[PDB]
Amino acid sequence: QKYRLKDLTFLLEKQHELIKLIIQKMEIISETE
Amino acid sequence: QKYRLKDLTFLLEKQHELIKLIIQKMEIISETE
Amino acid sequence: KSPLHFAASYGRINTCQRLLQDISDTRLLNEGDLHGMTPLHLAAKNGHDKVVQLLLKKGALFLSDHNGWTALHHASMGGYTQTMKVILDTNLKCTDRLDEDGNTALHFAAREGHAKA
């Protein structure tokens, strides 16, 4: 289960990177400040 | 592994905050109610 | 009605500012959905303090849904101390409200384990 937990951490970090990319590429028009 | 689990929780909470930001900034035009 | 509930529930603030224009008919502001939750209830449930502040600046009365909860009940169930602090500086009379089972906001904040709340 330690091995499983390490794989989980790796996947979660990849996912976090993808989400940051989404935020930095999206369109923002009506909700701008 | 307790320490690892705590780090996992911290990262997941940061990610949740980012997702809520995405929802509150995005564009919604064709799928509006 | 349907757009305002979504905009308030997900913290989309500019949509709220646009919808709440020509302030004269407060029937839209203080109207709940099918569970009786006004926009204030939703904004506090998801923990969006700016939307709560904006709605209070128009006055939202602190009603109650189909379980007796108030905005403070939801904000405490979630643990969002910031929207709680925003609520606690207005009427200062909702602190000791009771739902259908005589639970206060403190009951929920303690049951869920939110120390700072």
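FYI the Cβ positions are ideal-geometry reconstructions off the backbone, even for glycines, and counts take in every protein chain you see. Throughout, read-outs are computed from the coordinates displayed, never taken from laboratory work.
Find the residue count for the stretch C:83-117, including only residues that are outside any loop (DSSP other than H, G, I, E, B) and surrounded by 13 or more Cβ atoms within 10 Å (Cβ to Cβ).
The total comes to 10.
So which of C:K50, C:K58 ends up being part of a loop (DSSP other than H, G, I, E, B) and among the basic types (K, R)?
Only one candidate passes the filter, namely C:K58.
Given the criterion loosely packed, with under 13 Cβ neighbours inside 10 Å, touching a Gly at 6+ places or on another chain (Cβ under 6 Å) and touching a residue at least 12 places away in the same chain (Cβ under 8 Å), identify the matching residue among C:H66, C:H48.
C:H66
Restricting to chain A, and then to whatever is part of a loop (DSSP other than H, G, I, E, B), of a type in the set (S, T, N, Q) and more than 7 Å from every other protein chain (Cβ to nearest Cβ), can you tell me which residue is nearest to C:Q17 (Cα to Cα)?
Among residues in chain A that are part of a loop (DSSP other than H, G, I, E, B), of a type in the set (S, T, N, Q) and more than 7 Å from every other protein chain (Cβ to nearest Cβ), the one nearest to C:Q17 (Cα to Cα) is A:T32.
Taking interchain pairs and intrachain pairs at least six residues apart, which have beta carbon atoms under 6 angstrom, with the first residue in the stretch A:1-24 and more than 15 Å from B:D7 (Cα to Cα) and free of Cβ contacts under 8 Å to residues at least 40 places away in the same chain and the second in a helix (DSSP H, G or I) and not polar (S, T, N, Q)?
Within 6 Å, the pairs are A:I19/B:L18.
Looking only at the stretch C:10-40, count how many residues are within 14 Å of chain B (Cβ to nearest Cβ), of a type in the set (K, R) and not in a helix (DSSP H, G or I).
The number of residues fulfilling the criteria is 1.
Every residue, every condition in (1) in contact with a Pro (Cβ under 9 Å, 6 or more places away or on another chain); (2) in contact (Cβ under 8 Å) with a residue 40 or more places away in the chain; (3) hydrophobic (A, V, I, L, M, F, W, C), yes or no:
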{"residue": "C:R12", "(1), (2), (3)": "no, no, no"}
{"residue": "C:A44", "(1), (2), (3)": "no, yes, yes"}
{"residue": "C:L92", "(1), (2), (3)": "no, no, yes"}
{"residue": "C:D96", "(1), (2), (3)": "no, no, no"}
